[PDB]
Amino acid sequence: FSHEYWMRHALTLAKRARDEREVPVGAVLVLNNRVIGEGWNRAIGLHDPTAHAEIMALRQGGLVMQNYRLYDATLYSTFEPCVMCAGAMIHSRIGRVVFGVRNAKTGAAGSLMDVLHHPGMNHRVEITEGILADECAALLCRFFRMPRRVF
Amino acid sequence: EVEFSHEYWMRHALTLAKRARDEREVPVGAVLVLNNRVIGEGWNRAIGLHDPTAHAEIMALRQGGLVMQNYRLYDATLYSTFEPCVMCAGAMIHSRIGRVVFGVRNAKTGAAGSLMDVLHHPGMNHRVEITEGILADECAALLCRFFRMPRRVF
DNA sequence: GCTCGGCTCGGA
DNA sequence: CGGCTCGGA
Ligand SMILES: [Zn+2]
Ligand SMILES: [Zn+2]
């Protein structure tokens, strides 16, 4: 079970959000090489500003583990987390975040800002990028009607 | 057409903050107002629901999106009893609200001018105004007994 | 109709 | 009660 193996599962959930006319982003929560949470974007269909892929995966992980704090967990998302999504990882105290393509415009994981690696914060989450970034950019490109070169 | 003040809506957010205090949670309350009309209510429910996103401001934003049938809430004002965190402040940018009114400041991990300022960060698509110091004396009394701290920290 | 506008939902 | 803004604050 490599990072690309778990990313292939997150890409499957991202296709479900694409069929629901949402942002094609998928997220899966892994703890000790096992899935504990799944999530995909459902903001437009559910009228929820927090119905992102990573939030729904974090919401599901807290229910199965019966604890809103998920220590030493690794989340596999297809997009760079936003300020809202990155803030939930600090509250969940997860271990590592693996995203594919970077949001060079409003990214909160080292692009526009870096809240996951802030010194004044109480928790530090490691970041790993470039995992299956070719297949993650192809979905977001057709959604925003953008070329694959901006990624 | 009646216009209420910031302290009037803050007194309602203090009522919801007592509900989170009774649920053994962080005594924080939040209420969403649009054109002097309540569209969302929220208090901390992270421990009871096992939800890392069950904060006071998030649950109030989830209620506003359901009543308005739109995850974007323009020209809306949120009345919270605590300084919003990085997660809550990021949700306000996604909801495109107009103004956030909080009571006491989180001098440690505040995201509304303390540790960071994401509502007034350059390069973002939306800018939300912040109003502070509204009924901060009564908001600190609830969080003080929760964290077992004196009133001199806030 | 002649691959929408300007670009990381349509207040991107 | 510990030590500070849940108990890994
Ligand atoms: Zn996000
Ligand atoms: Zn918060």
# chains A, B, ... in the order shown; residues from 1 in each chain; ligands from 1

call {"tool": "residues_near_ligand", "arguments": {"ligand": "ligand 2", "cutoff": "8 Å", "atoms": "only C-alpha atoms (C1' of nucleotides) and all ligand atoms", "output": "list in words"}}
result
residues 53, 55, 56, 57, 58, 83, 84, 85, 86, 87, 88 and 89 of chain B

call {"tool": "residues_near_ligand", "arguments": {"ligand": "ligand 1", "cutoff": "7 Å", "atoms": "only C-alpha atoms (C1' of nucleotides) and all ligand atoms", "output": "PyMOL selection string"}}
result
chain A and resi 52+54+81-85

call {"tool": "write_last_selection", "arguments": {"atoms": "C-alpha atoms", "output": "PDB file, in the first residue's frame"}}
result
ATOM      1  CA  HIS A  52     -15.306  19.653   0.987  1.00  0.00           C
ATOM      2  CA  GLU A  54     -11.203  16.519   3.234  1.00  0.00           C
ATOM      3  CA  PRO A  81      -6.162  22.003   1.129  1.00  0.00           C
ATOM      4  CA  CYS A  82      -7.719  25.414   1.646  1.00  0.00           C
ATOM      5  CA  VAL A  83      -7.588  27.500   4.823  1.00  0.00           C
ATOM      6  CA  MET A  84     -10.763  25.818   6.080  1.00  0.00           C
ATOM      7  CA  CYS A  85      -9.571  22.296   5.252  1.00  0.00           C
TER       8      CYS A  85
END

call {"tool": "atom_distance", "arguments": {"atom1": "atom CA of residue 151 of chain B", "atom2": "atom CA of residue 104 of chain B"}}
result
11.2 Å

call {"tool": "residues_around", "arguments": {"residues": "segment 34-50 of chain B", "least_positions_apart": "4", "cutoff": "9 Å", "atoms": "only C-alpha atoms (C1' of nucleotides)", "output": "JSON, numbers by chain"}}
result
{"A": [59, 61, 62, 63, 65, 66, 67, 68, 69], "B": [1, 2, 3, 4, 13, 16, 17, 18, 19, 20, 21, 23, 24, 25, 26, 27, 28, 29, 30, 54, 55, 56, 57, 58, 59, 60, 61, 62, 63, 64, 65, 66, 67, 68, 73, 74, 75, 76, 77, 78, 80]}

call {"tool": "closest_atom_pairs", "arguments": {"of": "chain A", "to": "chain D", "cutoff": "10 Å", "atoms": "only C-alpha atoms (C1' of nucleotides)", "output": "Markdown table"}}
result
| residue | atom | partner | partner_atom | distance |
| --- | --- | --- | --- | --- |
| A:69 | CA | D:8 | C1' | 9.8 |
| A:71 | CA | D:8 | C1' | 8.9 |
| A:93 | CA | D:8 | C1' | 8.7 |
| A:122 | CA | D:9 | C1' | 9.1 |
| A:123 | CA | D:8 | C1' | 9.0 |

call {"tool": "write_last_selection", "arguments": {"atoms": "N, CA and C atoms", "output": "PDB file, in the first residue's frame"}}
result
ATOM      1  N   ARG A  69     -10.383  13.657  17.547  1.00  0.00           N
ATOM      2  CA  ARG A  69      -8.945  13.796  17.358  1.00  0.00           C
ATOM      3  C   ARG A  69      -8.404  12.507  16.752  1.00  0.00           C
ATOM      4  N   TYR A  71      -5.029  11.047  15.742  1.00  0.00           N
ATOM      5  CA  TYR A  71      -3.581  11.154  15.812  1.00  0.00           C
ATOM      6  C   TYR A  71      -2.911  10.155  14.874  1.00  0.00           C
ATOM      7  N   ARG A  93      -5.265  16.834  14.510  1.00  0.00           N
ATOM      8  CA  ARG A  93      -3.917  16.403  14.888  1.00  0.00           C
ATOM      9  C   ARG A  93      -3.478  15.178  14.085  1.00  0.00           C
ATOM     10  N   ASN A 122      -0.098  25.010  17.599  1.00  0.00           N
ATOM     11  CA  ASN A 122       0.146  23.971  18.593  1.00  0.00           C
ATOM     12  C   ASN A 122       0.544  22.634  17.980  1.00  0.00           C
ATOM     13  N   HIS A 123       0.222  22.396  16.711  1.00  0.00           N
ATOM     14  CA  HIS A 123       0.503  21.123  16.065  1.00  0.00           C
ATOM     15  C   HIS A 123       1.110  21.364  14.691  1.00  0.00           C
TER      16      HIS A 123
END

call {"tool": "select_by_dssp", "arguments": {"residues": "segment 22-104 of chain B", "states": "helix (DSSP H, G or I)", "output": "VMD selection string"}}
result
chain B and resid 22 46 to 49 56 to 68 86 to 95

call {"tool": "write_last_selection", "arguments": {"atoms": "C-alpha atoms", "output": "compact mmCIF listing (two decimals), in the first residue's frame"}}
result
# COMPACT_ATOMS: atom_id res chain seq x y z
CA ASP B 22 -23.67 22.34 29.59
CA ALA B 46 -16.89 18.64 18.83
CA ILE B 47 -16.71 16.14 21.70
CA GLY B 48 -20.35 15.04 21.68
CA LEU B 49 -20.55 14.41 17.93
CA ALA B 56 -19.64 27.18 17.05
CA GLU B 57 -19.14 29.22 13.87
CA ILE B 58 -19.14 26.22 11.51
CA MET B 59 -22.46 24.83 12.77
CA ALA B 60 -23.96 28.31 12.43
CA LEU B 61 -22.66 28.53 8.85
CA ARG B 62 -24.13 25.11 8.04
CA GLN B 63 -27.54 26.34 9.20
CA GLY B 64 -27.32 29.49 7.08
CA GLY B 65 -26.59 27.49 3.94
CA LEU B 66 -29.65 25.30 4.52
CA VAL B 67 -32.14 28.14 5.05
CA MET B 68 -30.77 30.17 2.13
CA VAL B 86 -8.00 28.94 11.12
CA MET B 87 -10.72 26.43 10.22
CA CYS B 88 -13.60 28.77 11.04
CA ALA B 89 -12.01 31.80 9.37
CA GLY B 90 -11.40 29.75 6.22
CA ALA B 91 -15.07 28.78 6.10
CA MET B 92 -16.08 32.46 6.20
CA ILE B 93 -14.03 33.08 3.05
CA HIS B 94 -15.81 30.17 1.34
CA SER B 95 -19.23 31.47 2.45

call {"tool": "select_by_dssp", "arguments": {"residues": "segment 4-154 of chain B", "states": "strand (DSSP E or B)", "output": "number ranges by chain"}}
result
B: 29-33, 38-43, 77-80, 82, 99-101, 104, 112, 117, 129-131

call {"tool": "write_last_selection", "arguments": {"atoms": "N, CA and C atoms", "output": "short mmCIF file (atom, residue, chain, number, x, y, z; two decimals), in the first residue's frame"}}
result
data_model
loop_
_atom_site.label_atom_id
_atom_site.label_comp_id
_atom_site.auth_asym_id
_atom_site.auth_seq_id
_atom_site.Cartn_x
_atom_site.Cartn_y
_atom_site.Cartn_z
N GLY B 29 -20.34 30.29 21.45
CA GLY B 29 -21.59 30.35 20.72
C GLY B 29 -21.47 31.26 19.51
N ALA B 30 -22.29 30.97 18.51
CA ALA B 30 -22.27 31.74 17.27
C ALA B 30 -23.68 31.82 16.70
N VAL B 31 -24.01 32.98 16.14
CA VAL B 31 -25.30 33.21 15.51
C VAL B 31 -25.08 33.99 14.23
N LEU B 32 -25.77 33.59 13.17
CA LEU B 32 -25.64 34.21 11.86
C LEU B 32 -26.87 35.08 11.59
N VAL B 33 -26.63 36.35 11.27
CA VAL B 33 -27.69 37.33 11.05
C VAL B 33 -27.57 37.88 9.64
N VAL B 38 -32.29 36.24 11.99
CA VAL B 38 -31.48 35.08 12.33
C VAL B 38 -31.66 34.01 11.26
N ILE B 39 -30.54 33.53 10.71
CA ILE B 39 -30.56 32.44 9.74
C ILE B 39 -29.70 31.26 10.16
N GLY B 40 -28.92 31.39 11.23
CA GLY B 40 -28.07 30.30 11.68
C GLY B 40 -27.70 30.41 13.14
N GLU B 41 -27.65 29.28 13.84
CA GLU B 41 -27.26 29.22 15.24
C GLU B 41 -26.21 28.13 15.41
N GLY B 42 -25.27 28.37 16.32
CA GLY B 42 -24.19 27.41 16.50
C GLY B 42 -23.49 27.48 17.85
N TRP B 43 -23.09 26.31 18.35
CA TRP B 43 -22.26 26.22 19.54
C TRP B 43 -21.36 25.00 19.41
N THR B 77 -23.54 38.75 8.58
CA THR B 77 -22.71 39.08 9.73
C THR B 77 -22.81 37.96 10.76
N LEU B 78 -21.66 37.45 11.18
CA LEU B 78 -21.59 36.36 12.15
C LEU B 78 -21.19 36.93 13.51
N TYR B 79 -21.92 36.52 14.55
CA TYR B 79 -21.67 36.97 15.92
C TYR B 79 -21.19 35.77 16.74
N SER B 80 -19.89 35.72 16.99
CA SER B 80 -19.28 34.66 17.78
C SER B 80 -18.81 35.20 19.12
N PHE B 82 -15.99 33.89 20.59
CA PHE B 82 -14.56 33.67 20.64
C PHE B 82 -13.95 34.04 19.29
N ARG B 99 -19.18 40.47 7.46
CA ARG B 99 -18.50 40.92 8.67
C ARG B 99 -18.58 39.83 9.73
N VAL B 100 -17.52 39.70 10.52
CA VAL B 100 -17.48 38.78 11.66
C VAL B 100 -17.32 39.61 12.92
N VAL B 101 -18.15 39.33 13.92
CA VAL B 101 -18.13 40.04 15.20
C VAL B 101 -17.87 39.01 16.29
N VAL B 104 -13.93 37.89 22.68
CA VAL B 104 -12.59 37.82 23.23
C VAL B 104 -11.62 37.30 22.17
N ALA B 112 -7.74 35.87 13.53
CA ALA B 112 -8.41 37.11 13.20
C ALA B 112 -7.58 38.31 13.64
N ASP B 117 -3.71 36.48 10.28
CA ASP B 117 -4.82 37.30 9.77
C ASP B 117 -5.16 36.78 8.38
N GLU B 129 -14.69 41.96 7.11
CA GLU B 129 -14.36 42.90 8.17
C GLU B 129 -14.58 42.25 9.54
N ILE B 130 -13.83 42.72 10.53
CA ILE B 130 -13.85 42.15 11.87
C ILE B 130 -14.18 43.25 12.87
N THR B 131 -15.07 42.94 13.81
CA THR B 131 -15.40 43.82 14.92
C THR B 131 -15.21 43.05 16.22
#

call {"tool": "interface_residues", "arguments": {"of": "chain A", "to": "chain C", "cutoff": "10 Å", "atoms": "only C-alpha atoms (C1' of nucleotides)", "output": "list in words"}}
result
residues 22, 23, 79, 102, 103, 104, 105, 106, 107, 137, 140, 141, 143, 144, 145, 146, 147, 150 and 151 of chain A

call {"tool": "write_last_selection", "arguments": {"atoms": "N, CA, C and O atoms", "output": "mmCIF file, in the first residue's frame"}}
result
data_model
loop_
_atom_site.group_PDB
_atom_site.id
_atom_site.type_symbol
_atom_site.label_atom_id
_atom_site.label_comp_id
_atom_site.auth_asym_id
_atom_site.auth_seq_id
_atom_site.Cartn_x
_atom_site.Cartn_y
_atom_site.Cartn_z
ATOM 1 N N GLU A 22 -19.951 19.007 -8.985
ATOM 2 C CA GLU A 22 -19.146 19.667 -7.969
ATOM 3 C C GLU A 22 -17.687 19.719 -8.414
ATOM 4 O O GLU A 22 -17.323 19.264 -9.503
ATOM 5 N N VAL A 23 -16.849 20.286 -7.553
ATOM 6 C CA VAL A 23 -15.411 20.365 -7.799
ATOM 7 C C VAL A 23 -14.833 18.957 -7.707
ATOM 8 O O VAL A 23 -14.994 18.292 -6.672
ATOM 9 N N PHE A 79 -6.422 17.640 -4.102
ATOM 10 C CA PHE A 79 -6.179 19.065 -4.270
ATOM 11 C C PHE A 79 -5.494 19.612 -3.025
ATOM 12 O O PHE A 79 -5.582 19.035 -1.938
ATOM 13 N N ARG A 102 -1.142 21.368 -6.783
ATOM 14 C CA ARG A 102 -1.113 22.510 -5.882
ATOM 15 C C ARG A 102 -2.045 23.607 -6.383
ATOM 16 O O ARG A 102 -2.173 23.826 -7.591
ATOM 17 N N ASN A 103 -2.695 24.292 -5.443
ATOM 18 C CA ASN A 103 -3.536 25.448 -5.755
ATOM 19 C C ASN A 103 -2.663 26.690 -5.649
ATOM 20 O O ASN A 103 -2.579 27.334 -4.602
ATOM 21 N N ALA A 104 -2.000 27.032 -6.756
ATOM 22 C CA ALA A 104 -1.068 28.154 -6.778
ATOM 23 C C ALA A 104 -1.739 29.499 -6.532
ATOM 24 O O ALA A 104 -1.032 30.497 -6.350
ATOM 25 N N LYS A 105 -3.071 29.558 -6.523
ATOM 26 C CA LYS A 105 -3.777 30.820 -6.325
ATOM 27 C C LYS A 105 -4.127 31.052 -4.857
ATOM 28 O O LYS A 105 -3.732 32.064 -4.271
ATOM 29 N N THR A 106 -4.864 30.122 -4.253
ATOM 30 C CA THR A 106 -5.344 30.266 -2.883
ATOM 31 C C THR A 106 -4.987 29.043 -2.049
ATOM 32 O O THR A 106 -5.753 28.616 -1.179
ATOM 33 N N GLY A 107 -3.819 28.460 -2.301
ATOM 34 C CA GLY A 107 -3.395 27.308 -1.523
ATOM 35 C C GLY A 107 -2.953 27.713 -0.127
ATOM 36 O O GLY A 107 -2.323 28.752 0.074
ATOM 37 N N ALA A 137 -4.648 16.901 -11.804
ATOM 38 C CA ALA A 137 -4.814 18.160 -12.522
ATOM 39 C C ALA A 137 -5.766 18.027 -13.702
ATOM 40 O O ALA A 137 -6.417 19.007 -14.079
ATOM 41 N N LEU A 140 -9.460 18.780 -12.430
ATOM 42 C CA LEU A 140 -9.726 20.176 -12.107
ATOM 43 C C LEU A 140 -9.587 21.093 -13.315
ATOM 44 O O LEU A 140 -10.172 22.182 -13.320
ATOM 45 N N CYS A 141 -8.826 20.685 -14.333
ATOM 46 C CA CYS A 141 -8.663 21.522 -15.517
ATOM 47 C C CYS A 141 -9.963 21.614 -16.308
ATOM 48 O O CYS A 141 -10.398 22.710 -16.682
ATOM 49 N N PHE A 143 -12.925 21.053 -15.216
ATOM 50 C CA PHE A 143 -13.966 21.670 -14.401
ATOM 51 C C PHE A 143 -13.933 23.189 -14.523
ATOM 52 O O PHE A 143 -14.947 23.819 -14.845
ATOM 53 N N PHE A 144 -12.774 23.793 -14.270
ATOM 54 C CA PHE A 144 -12.613 25.238 -14.376
ATOM 55 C C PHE A 144 -12.411 25.709 -15.809
ATOM 56 O O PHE A 144 -12.208 26.910 -16.021
ATOM 57 N N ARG A 145 -12.462 24.800 -16.785
ATOM 58 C CA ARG A 145 -12.227 25.124 -18.193
ATOM 59 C C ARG A 145 -10.862 25.784 -18.372
ATOM 60 O O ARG A 145 -10.725 26.835 -19.002
ATOM 61 N N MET A 146 -9.841 25.147 -17.804
ATOM 62 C CA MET A 146 -8.475 25.636 -17.816
ATOM 63 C C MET A 146 -7.560 24.613 -18.477
ATOM 64 O O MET A 146 -7.861 23.416 -18.480
ATOM 65 N N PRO A 147 -6.442 25.050 -19.048
ATOM 66 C CA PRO A 147 -5.480 24.095 -19.604
ATOM 67 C C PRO A 147 -4.700 23.379 -18.513
ATOM 68 O O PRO A 147 -4.652 23.801 -17.356
ATOM 69 N N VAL A 150 -1.326 25.215 -16.504
ATOM 70 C CA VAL A 150 -1.334 26.039 -15.300
ATOM 71 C C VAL A 150 -1.015 25.245 -14.044
ATOM 72 O O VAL A 150 -0.845 25.838 -12.973
ATOM 73 N N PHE A 151 -0.926 23.923 -14.148
ATOM 74 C CA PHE A 151 -0.649 23.075 -12.999
ATOM 75 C C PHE A 151 0.773 22.525 -13.048
ATOM 76 O O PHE A 151 1.063 21.592 -13.797
#

call {"tool": "interface_residues", "arguments": {"of": "chain B", "to": "chain C", "cutoff": "10 Å", "atoms": "only C-alpha atoms (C1' of nucleotides)", "output": "PyMOL selection string"}}
result
chain B and resi 72+74+96+125-126

call {"tool": "interface_residues", "arguments": {"of": "chain B", "to": "chain D", "cutoff": "10 Å", "atoms": "only C-alpha atoms (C1' of nucleotides)", "output": "number ranges by chain"}}
result
B: 25-26, 105-110, 140, 143-144, 146-150, 153-154

call {"tool": "write_last_selection", "arguments": {"atoms": "N, CA, C and O atoms", "output": "short mmCIF file (atom, residue, chain, number, x, y, z; two decimals), in the first residue's frame"}}
result
data_model
loop_
_atom_site.label_atom_id
_atom_site.label_comp_id
_atom_site.auth_asym_id
_atom_site.auth_seq_id
_atom_site.Cartn_x
_atom_site.Cartn_y
_atom_site.Cartn_z
N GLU B 25 -18.50 20.98 26.58
CA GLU B 25 -17.70 21.46 25.45
C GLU B 25 -17.14 22.84 25.76
O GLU B 25 -17.36 23.40 26.84
N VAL B 26 -16.41 23.39 24.80
CA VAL B 26 -15.85 24.73 24.92
C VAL B 26 -16.99 25.74 24.86
O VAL B 26 -17.76 25.74 23.88
N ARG B 105 -10.35 37.67 22.32
CA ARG B 105 -9.32 37.31 21.37
C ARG B 105 -8.56 36.07 21.84
O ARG B 105 -8.31 35.90 23.03
N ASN B 106 -8.21 35.21 20.89
CA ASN B 106 -7.38 34.04 21.16
C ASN B 106 -5.93 34.43 20.89
O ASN B 106 -5.41 34.25 19.79
N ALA B 107 -5.27 34.98 21.91
CA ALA B 107 -3.91 35.48 21.75
C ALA B 107 -2.90 34.39 21.42
O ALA B 107 -1.76 34.71 21.07
N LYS B 108 -3.29 33.11 21.51
CA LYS B 108 -2.37 32.02 21.23
C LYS B 108 -2.48 31.54 19.78
O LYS B 108 -1.49 31.54 19.04
N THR B 109 -3.67 31.12 19.37
CA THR B 109 -3.90 30.55 18.05
C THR B 109 -5.03 31.26 17.33
O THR B 109 -5.81 30.66 16.60
N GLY B 110 -5.14 32.57 17.54
CA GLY B 110 -6.18 33.34 16.87
C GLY B 110 -5.84 33.56 15.41
O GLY B 110 -4.69 33.77 15.03
N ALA B 140 -15.47 36.10 28.26
CA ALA B 140 -14.27 35.54 28.89
C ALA B 140 -14.60 34.77 30.16
O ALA B 140 -13.88 33.84 30.52
N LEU B 143 -15.18 31.01 29.19
CA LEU B 143 -13.97 30.30 28.80
C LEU B 143 -12.95 30.24 29.93
O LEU B 143 -12.09 29.35 29.92
N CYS B 144 -13.02 31.16 30.90
CA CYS B 144 -12.07 31.13 32.01
C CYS B 144 -12.31 29.92 32.91
O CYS B 144 -11.37 29.20 33.25
N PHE B 146 -13.84 27.24 32.09
CA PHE B 146 -13.62 26.03 31.32
C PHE B 146 -12.14 25.63 31.33
O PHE B 146 -11.80 24.50 31.68
N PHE B 147 -11.26 26.55 30.95
CA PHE B 147 -9.83 26.30 30.96
C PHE B 147 -9.20 26.46 32.34
O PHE B 147 -7.99 26.31 32.47
N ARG B 148 -10.01 26.76 33.36
CA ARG B 148 -9.52 26.97 34.73
C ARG B 148 -8.45 28.06 34.77
O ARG B 148 -7.37 27.88 35.33
N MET B 149 -8.77 29.21 34.17
CA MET B 149 -7.84 30.32 34.06
C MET B 149 -8.43 31.57 34.72
O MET B 149 -9.66 31.71 34.80
N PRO B 150 -7.60 32.48 35.20
CA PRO B 150 -8.11 33.75 35.72
C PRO B 150 -8.55 34.67 34.59
O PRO B 150 -8.23 34.47 33.42
N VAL B 153 -6.11 36.81 31.73
CA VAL B 153 -5.52 36.37 30.47
C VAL B 153 -6.23 37.02 29.29
O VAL B 153 -5.58 37.48 28.34
N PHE B 154 -7.55 37.08 29.33
CA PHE B 154 -8.32 37.69 28.25
C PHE B 154 -8.34 39.21 28.38
O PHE B 154 -9.25 39.78 28.99
#

call {"tool": "atom_distance", "arguments": {"atom1": "atom CA of residue 96 of chain A", "atom2": "atom CA of residue 118 of chain A"}}
result
14.7 Å

call {"tool": "atom_distance", "arguments": {"atom1": "atom CA of residue 19 of chain A", "atom2": "atom CA of residue 41 of chain A"}}
result
10.6 Å
